[PDB]
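Notes follow the structure.
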Amino acid sequence: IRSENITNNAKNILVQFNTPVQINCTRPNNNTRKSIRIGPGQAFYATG
Amino acid sequence: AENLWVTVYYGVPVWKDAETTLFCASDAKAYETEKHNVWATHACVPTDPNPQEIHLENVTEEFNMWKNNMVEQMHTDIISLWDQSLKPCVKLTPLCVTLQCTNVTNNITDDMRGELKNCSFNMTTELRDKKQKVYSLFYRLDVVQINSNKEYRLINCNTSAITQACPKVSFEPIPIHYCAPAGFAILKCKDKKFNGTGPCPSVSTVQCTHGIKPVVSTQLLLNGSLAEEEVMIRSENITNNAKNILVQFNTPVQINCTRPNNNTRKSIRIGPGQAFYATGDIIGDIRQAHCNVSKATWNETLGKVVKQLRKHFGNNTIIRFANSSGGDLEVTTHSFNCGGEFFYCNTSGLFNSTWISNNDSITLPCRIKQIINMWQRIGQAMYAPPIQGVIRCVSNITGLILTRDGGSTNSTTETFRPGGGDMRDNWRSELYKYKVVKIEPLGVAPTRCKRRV
Amino acid sequence: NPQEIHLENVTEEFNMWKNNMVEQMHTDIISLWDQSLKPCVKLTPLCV
Amino acid sequence: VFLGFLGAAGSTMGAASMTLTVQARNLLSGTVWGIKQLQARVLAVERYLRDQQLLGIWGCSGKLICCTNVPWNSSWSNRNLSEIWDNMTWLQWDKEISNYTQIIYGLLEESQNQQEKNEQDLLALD
Amino acid sequence: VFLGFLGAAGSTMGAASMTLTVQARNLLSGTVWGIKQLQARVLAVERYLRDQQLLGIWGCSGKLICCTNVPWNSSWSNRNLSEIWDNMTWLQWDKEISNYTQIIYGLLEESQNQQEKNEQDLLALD
Amino acid sequence: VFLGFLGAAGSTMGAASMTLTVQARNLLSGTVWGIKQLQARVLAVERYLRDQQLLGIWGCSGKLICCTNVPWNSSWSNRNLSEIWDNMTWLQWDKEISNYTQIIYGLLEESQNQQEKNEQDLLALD
Ligand SMILES: *[C@@H]1O[C@H](CO)[C@@H](O[C@@H]2O[C@H](CO)[C@@H](O[C@@H]3O[C@H](CO[C@H]4O[C@H](CO)[C@@H](O)[C@H](O[C@H]5O[C@H](CO)[C@@H](O)[C@H](O)[C@@H]5O)[C@@H]4O)[C@@H](O)[C@H](O[C@H]4O[C@H](CO)[C@@H](O)[C@H](O)[C@@H]4O[C@H]4O[C@H](CO)[C@@H](O)[C@H](O)[C@@H]4O[C@H]4O[C@H](CO)[C@@H](O)[C@H](O)[C@@H]4O)[C@@H]3O)[C@H](O)[C@H]2NC(C)=O)[C@H](O)[C@H]1NC(C)=O
Ligand SMILES: *[C@@H]1O[C@H](CO)[C@@H](O[C@@H]2O[C@H](CO)[C@@H](O[C@@H]3O[C@H](CO[C@H]4O[C@H](CO)[C@@H](O)[C@H](O[C@H]5O[C@H](CO)[C@@H](O)[C@H](O)[C@@H]5O[C@H]5O[C@H](CO)[C@@H](O)[C@H](O)[C@@H]5O)[C@@H]4O)[C@@H](O)[C@H](O[C@H]4O[C@H](CO)[C@@H](O)[C@H](O)[C@@H]4O[C@H]4O[C@H](CO)[C@@H](O)[C@H](O)[C@@H]4O)[C@@H]3O)[C@H](O)[C@H]2NC(C)=O)[C@H](O)[C@H]1NC(C)=O
Ligand SMILES: *[C@@H]1O[C@H](CO)[C@@H](O[C@@H]2O[C@H](CO)[C@@H](O[C@@H]3O[C@H](CO[C@H]4O[C@H](CO)[C@@H](O)[C@H](O[C@H]5O[C@H](CO)[C@@H](O)[C@H](O)[C@@H]5O)[C@@H]4O)[C@@H](O)[C@H](O[C@H]4O[C@H](CO)[C@@H](O)[C@H](O)[C@@H]4O[C@H]4O[C@H](CO)[C@@H](O)[C@H](O)[C@@H]4O)[C@@H]3O)[C@H](O)[C@H]2NC(C)=O)[C@H](O)[C@H]1NC(C)=O
Ligand SMILES: *[C@@H]1O[C@H](CO)[C@@H](O[C@@H]2O[C@H](CO)[C@@H](O[C@@H]3O[C@H](CO[C@H]4O[C@H](CO)[C@@H](O)[C@H](O)[C@@H]4O)[C@@H](O)[C@H](O[C@H]4O[C@H](CO)[C@@H](O)[C@H](O)[C@@H]4O[C@H]4O[C@H](CO)[C@@H](O)[C@H](O)[C@@H]4O)[C@@H]3O)[C@H](O)[C@H]2NC(C)=O)[C@H](O)[C@H]1NC(C)=O
Ligand SMILES: *[C@@H]1O[C@H](CO)[C@@H](O[C@@H]2O[C@H](CO)[C@@H](O[C@@H]3O[C@H](CO[C@H]4O[C@H](CO)[C@@H](O)[C@H](O)[C@@H]4O)[C@@H](O)[C@H](O[C@H]4O[C@H](CO)[C@@H](O)[C@H](O)[C@@H]4O[C@H]4O[C@H](CO)[C@@H](O)[C@H](O)[C@@H]4O)[C@@H]3O)[C@H](O)[C@H]2NC(C)=O)[C@H](O)[C@H]1NC(C)=O
Ligand SMILES: *[C@@H]1O[C@H](CO)[C@@H](O[C@@H]2O[C@H](CO)[C@@H](O[C@@H]3O[C@H](CO[C@H]4O[C@H](CO)[C@@H](O)[C@H](O)[C@@H]4O)[C@@H](O)[C@H](O[C@H]4O[C@H](CO)[C@@H](O)[C@H](O)[C@@H]4O)[C@@H]3O)[C@H](O)[C@H]2NC(C)=O)[C@H](O)[C@H]1NC(C)=O
Ligand SMILES: *[C@@H]1O[C@H](CO)[C@@H](O[C@@H]2O[C@H](CO)[C@@H](O[C@@H]3O[C@H](CO[C@H]4O[C@H](CO)[C@@H](O)[C@H](O)[C@@H]4O)[C@@H](O)[C@H](O[C@H]4O[C@H](CO)[C@@H](O)[C@H](O)[C@@H]4O)[C@@H]3O)[C@H](O)[C@H]2NC(C)=O)[C@H](O)[C@H]1NC(C)=O
Ligand SMILES: *[C@@H]1O[C@H](CO)[C@@H](O[C@@H]2O[C@H](CO)[C@@H](O)[C@H](O)[C@H]2NC(C)=O)[C@H](O)[C@H]1NC(C)=O
Ligand SMILES: *[C@@H]1O[C@H](CO)[C@@H](O)[C@H](O)[C@H]1NC(C)=O
Ligand SMILES: *[C@@H]1O[C@H](CO)[C@@H](O)[C@H](O)[C@H]1NC(C)=O
Ligand SMILES: *[C@@H]1O[C@H](CO)[C@@H](O)[C@H](O)[C@H]1NC(C)=O
Ligand SMILES: *[C@@H]1O[C@H](CO)[C@@H](O)[C@H](O)[C@H]1NC(C)=O
Ligand SMILES: *[C@@H]1O[C@H](CO)[C@@H](O)[C@H](O)[C@H]1NC(C)=O
């Protein structure tokens, strides 16, 4: 647990683990993308 | 004495094959061109008043032009150089608009289609508040029917954006030299019968290449340096039809080209600072762009390539010439610049022959574009401003990029067709003489010698 | 602590009307200034 | 006679060991293009200094030809004097000794510092 | 034995004065990132040449160890031989003599040109 | 006495040949502005190395004053010793010999390699 000034609350504490704690994350929705021609060459990727 | 000692040598004549960044050289007359026009002639270092290429006697060197870098480097330098030029040049963003076009004032036979569409359109003004209906002239290839009005659009509007080249620039290909850094040599195959791959007996070191001007053109390559004795036909793999054939002529075949119409240019204030160069009234007759070559010399020079070709396909063989199979306008036609506008010349008349084992000219028509999409462009395109007046250029044909038909069946009738596509072939055509090497001067070898105590 | 060493017994033919470092400077000033305006906002629509 | 830079390419290692000062000569002095020029200008001094670096960590800052105290391991070449100096060319010769050039260099590195550490002792006592 | 670049950090100045050719070795050879590379590539030759510059304006282009004609001012260190060569380390030793290194260098500068201006007179008469 | 960098400009070539280590000294160490700095930083080492290049392809890596084996062609100057060393200045002197400096350099180039090719033969027999 490392810090610049531990006694002073204004400084944050950098905790470096010993063991990895695996964290699984996800967006469950099968989202779809459509492409919109701003034109010319420009093209916005909308959420379908 | 029997005991030998290594003694080190500095300045030993030996090199390892290399790749490295080279640099450009051009001459004083290129800067005398002024007019803020030529690309990168300014940042480009000068040439030598007394150039020297030291012949290296008794040495052979294994060249390979199909696995070279300085053509890939060059190809790249040309694309970059060009693309940096267009940053200041004005964007034609609002020119992408629903045009309302007709045909140009003409009385031609129904068969002859109209290639000059007079288009009127709401253009922008110097002030955000207002607009302006103004007209311009466009080629049929620069527009597409959008859809009882006859309304069109600039063809780039769905593929890419558009940026008008500064008229205060020039497209003329001026000779470039590729100079090496220090401790780097360029080796030059001085053999006058070299096919570009293998050991070259006659070799010379040299700092810079020769004046290689960047003519970007399909089908026939022009104004290039020509062979000294024979019409050399070079390829990576000749047996394989997938690989093209680079023909390098022995004699120049002069081809004259022109746009006969005395075109006019008006300037339209997009504002502020932005200004579109429209195509104004056509002064005089409405004629057709074209190129002429001597039928006599073409006959003569097409006879030379056949004499050479039979050295690869048999003495008792038919070698006829046919036109393009099909593809993009970029490749189905002899493309080039001429006076500042881009040409698309039908080569059917040139490649239309037949060759057995044993006084006018060739008028060949052309098309013209202004919004161009060269070097396989995808997101950006470029509008080449109208060049006021009548245009004509005269050039030599230095080579060809031919292509053989792979149907085969061991038939002694394998025909050829003109090709293009990849533009590295053009620089490949001029850079076949050159190779870049890394100089390594630190020799070590035994001579009967010990250093003192 | 800047130092300019006087060179005794020597003369030098100056010409300020055929100098470079003023042409260089003039240029440096124009460039320097023009690079500053790239981020600064465009008044394109103020033209009205 | 004066052949030119690299002129003694296909010359014998004896005749090529004459014209050393010519290859050593043309080796230093001689915005798209602007950047090309700059990373070529540094490349040339980097590549040049790396050789002076070696000559200096040996005793051969002289330089050109410089004898040494590491004896020739016959395994490296084993050819006779005549057939390399009055026969072979450096292009050719380089590829034979190429397999051990960096190992040979290491023999040189230790040998030079060994000379210095010794020569101090001589001037020390005398 | 071969420790590695800087390996004789905590070694005595005698033992560290053995491995000099190793620290001297790994000292030259070894668009966002592109610019970083370039002003690091020049920095390394600038920093390197500035040392060769000194060795050359002294007599010590040899180099490594090089004796001279400027005698050791006891005020600088005053320690005995054993307790610096068979005792102290260069990291340590550097901080002591640090106060006068540039003054010491000046003594060297005049002394070398003094040698040259003299040696010409010898070859002149002989 | 210590005049300063270039201080012996209008001094006699004898007196100016004293302060050589001062001109040789201040010669190395000392995004608009950023590029100016870079092509000035390389220019200084390029220009510097080109002189060391010459001193090295001669025998004069010493350096400062270095005698040689090419005799003075009277056609170049023909003036007496006193009237150039105890009289003329280097600014002045440079413009006289300027017409043949590169021809003179060529005499030096061949002479050095000639020395080396010879000295190997001495250590060879002995
Ligand atoms: C540059 O910018 C310019 C300015 O933006 C642009 O010029 C404009 O171009 C458009 C299209 O060409 C013009 O619109 C047409 O104008 C015709 C002229 O009529 C005007 O004058 C009449 C008096 O003579 C007025 O009566 C009339 O206004 C009246 O009618 C309105 C109708 O809704 C009404 O709401 C008003 O209150 C008022 O009472 C107008 O001021 C006009 O006639 C025309 O209508 C039809 O007829 C045209 C031929 O004349 C046809 O081409 C057009 O298609 C119209 O037919 C419509 O109706 C048919 C029967 O129902 C349908 O079958 C058709 O499909 C079509 O239906 C479409 O159009 C309807 C419009 O009414 C629309 O409501 C529908 O939903 C459907 O989309 C049409 O209004 C305009 O006048 C021009 N303006 C100027 C200032 O010039 C120019 O084109 C740009 N480009 C260039 C290169 O310059
Ligand atoms: C293969 O190689 C061949 C051979 O090189 C290529 O042919 C070239 O084609 C070019 C076009 O693509 C062509 O360039 C154009 O030439 C036009 C014709 O006028 C020039 O040429 C004649 C001779 O033919 C010359 O007499 C003219 O002027 C001479 O005299 C004046 C002084 O009075 C000089 O200033 C000038 O340099 C020239 O000097 C010559 O004579 C003196 C003696 O008096 C000699 O001592 C000299 O050595 C020298 O020989 C013309 O120079 C010309 O009209 C075109 O000009 C436009 O483009 C240039 C681009 O640089 C620009 O500077 C001009 O100002 C002008 O553009 C602008 O103005 C227009 C209106 O004025 C405007 O509408 C535009 O939008 C611009 O704003 C152009 O120079 C070239 O001449 C030929 N090559 C030869 C040798 O003739 C062929 O193209 C190659 N193949 C391929 C595929 O590329
Ligand atoms: C691609 O383009 C290039 C050029 O861009 C083409 O190549 C050109 O081809 C033409 C012919 O097709 C060549 O022209 C030839 O020039 C010859 C030399 O003429 C000069 O010398 C004579 C003296 O001998 C002078 O009198 C001339 O000056 C006179 O003429 C000019 C106009 O031409 C006037 O403006 C002058 O005031 C003078 O009056 C020239 O300086 C010429 O000999 C040749 O033919 C002539 O002679 C024959 C008889 O043998 C006549 O039948 C013919 O009509 C010509 O007559 C002219 O000359 C006589 C004197 O000889 C005059 O009295 C006449 O009045 C008449 O003017 C021919 O004219 C040109 O040189 C050449 N250029 C180049 C660069 O190659 C390519 O063909 C073309 N290729 C393709 C595939 O398209
Ligand atoms: C690159 O270049 C090539 C070659 O130039 C080009 O190929 C040619 O394309 C054109 C279309 O653009 C083809 O079309 C020909 O057009 C001419 C012109 O038409 C006039 O004449 C006819 C009557 O002949 C009128 O009706 C018309 O209104 C015009 O006035 C036509 O003449 C051609 O027709 C011939 O063939 C017909 C079918 O056989 C016949 O009925 C007709 O009479 C014509 O005569 C031919 O047949 C006769 C026997 O019936 C014979 O005696 C004649 O000698 C002759 O052979 C035709 O419609 C043209 O064919 C193409 N050329 C070739 C060699 O195929 C490419 O198009 C160009 N590249 C691109 C991208 O376009
Ligand atoms: C590439 O370049 C070539 C030139 O090198 C150029 O070719 C030209 O093509 C046109 C046709 O478009 C030629 O015009 C005529 O073509 C006919 C074709 O006839 C064939 O097809 C018919 C069926 O349609 C068959 O019945 C016939 O047997 C052929 O197979 C020719 O027949 C014409 O020539 C006749 O007349 C000549 C003059 O009198 C005779 O000398 C010759 O022998 C021919 O007579 C024969 O046919 C008669 C019936 O038509 C018969 O009664 C006779 O007994 C005899 O059998 C004519 O040539 C044109 O000539 C070609 N050019 C040249 C120089 O010959 C291409 O157009 C060009 N392509 C491009 C894209 O540029
Ligand atoms: C981690 O961080 C903590 C604080 O979060 C540090 O702990 C403090 O350490 C200091 C000494 O290092 C202790 O001493 C105090 O110093 C104050 C200084 O402030 C004066 O000076 C500045 C100078 O600019 C002025 O701007 C300011 O206005 C003050 O005038 C004193 O003010 C403290 O009080 C003393 O003075 C006043 C009069 O001003 C008297 O009335 C008091 O009685 C007293 O004499 C005091 O001297 C401080 O107490 C510590 N605080 C805590 C919470 O521990 C750690 O040092 C730091 N760790 C590291 C490693 O740096
Ligand atoms: C110019 O280009 C031509 C071709 O256009 C080359 O000529 C060919 O040369 C090769 C040998 O170099 C000839 O040999 C053939 O090789 C094939 C290899 O393909 C197999 O291996 C790859 C490896 O990735 C696989 O992906 C692929 O699927 C294949 O399995 C063989 O397939 C050929 O047939 C043999 O194998 C099959 C079974 O797979 C048997 O049934 C056959 O009977 C036969 O034994 C064959 O061995 C080839 O024939 C040549 N072709 C032609 C048209 O000439 C030139 O070499 C080239 N020039 C230069 C200088 O490179
Ligand atoms: C303007 O040009 C167009 C062609 O772009 C003409 O219309 C075509 O004419 C050709 C002539 O052979 C026909 O094959 C086409 O079928 C015609 N198009 C249609 C849709 O029929 C048109 O006639 C010309 N004139 C005007 C006034 O528009
Ligand atoms: C080549 O020229 C001759 C000249 O008469 C002509 O007859 C011949 O047909 C030409 N070659 C071909 C393949 O047509
Ligand atoms: C083809 O035949 C000619 C006849 O003169 C001969 O000169 C040539 O060498 C032959 N070429 C080949 C590839 O057989
Ligand atoms: C060097 O030579 C010796 C004998 O002279 C031999 O034993 C040794 O193997 C050689 N070195 C190598 C790397 O082979
Ligand atoms: C150098 O030593 C002398 C005596 O040996 C002494 O007088 C002098 O002060 C010393 N130098 C310095 C800078 O103290
Ligand atoms: C050098 O001196 C000799 C005589 O000492 C003279 O002949 C010769 O011309 C001189 N060199 C030149 C270049 O004049």
Check: Distances from D:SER111 to the same residue in each other copy, label points 7 Å out along Cα→Cβ, in nm, shortest first?
Finding: 3.1, 3.1
Checklist line | Sorted by Cβ density within 10 Å, fewest first, the residues B:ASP48, D:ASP126, C:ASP34 | finding: D:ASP126, C:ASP34, B:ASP48
Checklist line | Whichever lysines have a C-alpha closer than 23 Å to that of B:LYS130, once near sequence neighbours (fewer than 8 apart) are set aside | finding: B:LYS91, B:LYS266, C:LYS42
Next item on the list: Quick one: which residues, 5 or more positions from B:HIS334 or on another chain, have an amide H under 5 Å from its amide H? H modelled 1.01 Å from N in the peptide plane, none for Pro or chain starts.
Entry: B:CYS345, B:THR347
Notebook entry, point to check: For D:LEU125, B:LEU350, F:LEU125, what's the fewest-to-most ordering of other Cβ within 10 Å of each Cβ?
Noted result: D:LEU125, F:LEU125, B:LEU350
Checklist line | Backbone N within segment E:96-126 under 19 Å of label point (7 Å from F:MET18 Cα along the Cβ vector) | finding: E:106-122
Margin query: Need the list of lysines near D:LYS117 for cross-linking: C-alpha distance under 27 angstrom, and skip anything on the same chain fewer than eight residues off.
Written below: B:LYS450, D:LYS63, E:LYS63, E:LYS95, F:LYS63
Note to self: Given a Förster distance of 60 Å, report the FRET efficiency between B:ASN359 and B:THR102 from their Cβ-Cβ distance, rounded to the nearest 0.05.
What the structure shows: 0.90
Item checked: C:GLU23 versus E:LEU27: modelled label distance in nm, points set 7 Å from Cα along the beta carbon direction -> 4.3
Item checked: Dipole of the protein assembly as shown [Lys/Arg +1, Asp/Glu -1 at C-beta], most positive-end residue of E:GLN37, A:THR26, B:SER170 -> A:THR26
Notebook entry, point to check: Treating the beta-carbon of each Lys and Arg as +1 and of each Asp and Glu as -1, no other charges, what is the dipole magnitude of the protein assembly as shown about its Cα centre, to the nearest 20 debye?
Noted result: 5160
Check: Which whole-angstrom value gives the distance between the alpha carbon centres of segment B:32-77 and segment B:352-418?
Finding: 27
Note to self: Testing the spin-label approximation: label points 7 Å from Cα along Cα→Cβ at F:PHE2 and F:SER98. State their distance in nm.
What the structure shows: 3.3
Notebook entry, point to check: Taking H as built 1.01 Å from N, whose amide H comes closer than 5 Å to the amide H of B:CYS449, not counting residues under 5 places away?
Noted result: B:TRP5
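Where does each of B:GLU62, E:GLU96 land when they are ranked from fewest to most other beta-carbon atoms within 10 angstrom?
Working: B:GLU62 10, E:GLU96 14.
Final ranking by Cβ density, sparse to dense: B:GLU62, E:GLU96.
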Check: If each of B:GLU72 and B:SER267 carries a label point 7 Å out from its Cα toward its Cβ, how far apart are those two points in nm?
Finding: 4.5
Notebook entry, point to check: List the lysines whose alpha-carbon lies under 17 Å from that of B:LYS35, not counting same-chain residues fewer than 8 positions away?
Noted result: B:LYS168
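Can you bin chain B into rounded, prolate or oblate? Criterion: square roots of the alpha carbon gyration tensor eigenvalues sorted a ≥ b ≥ c, rounded for a/c under 1.5, prolate for a/b above b/c, oblate for the rest.
oblate
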Checklist line | Karplus-derived 3J(HN,Hα), 6.51/-1.76/1.60, for each residue of segment B:415-426, Hz, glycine and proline x | finding: 8, 10, 9, x, x, x, x, 6, 8, 5, 4, 5
Notebook entry, point to check: For chain E, what mean projected area does the convex hull of the alpha carbons give, in nm²?
Noted result: 11.7
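Please label the shape of the protein assembly as shown as rounded, prolate or oblate, based on the square roots a ≥ b ≥ c of the eigenvalues of the alpha-carbon gyration tensor (a/c under 1.5 means rounded; beyond that, a/b larger than b/c means prolate, else oblate). List each step's numbers first, then the result.
Numbers: a/c = 2.04, a/b = 1.63, b/c = 1.25.
Here the protein assembly as shown falls in the prolate category.
Reconstructed Cβ throughout: ideal geometry from the backbone, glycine too, with neighbour counts over all protein chains shown. Bear in mind that the values in this text are calculations on the coordinates, not laboratory data.
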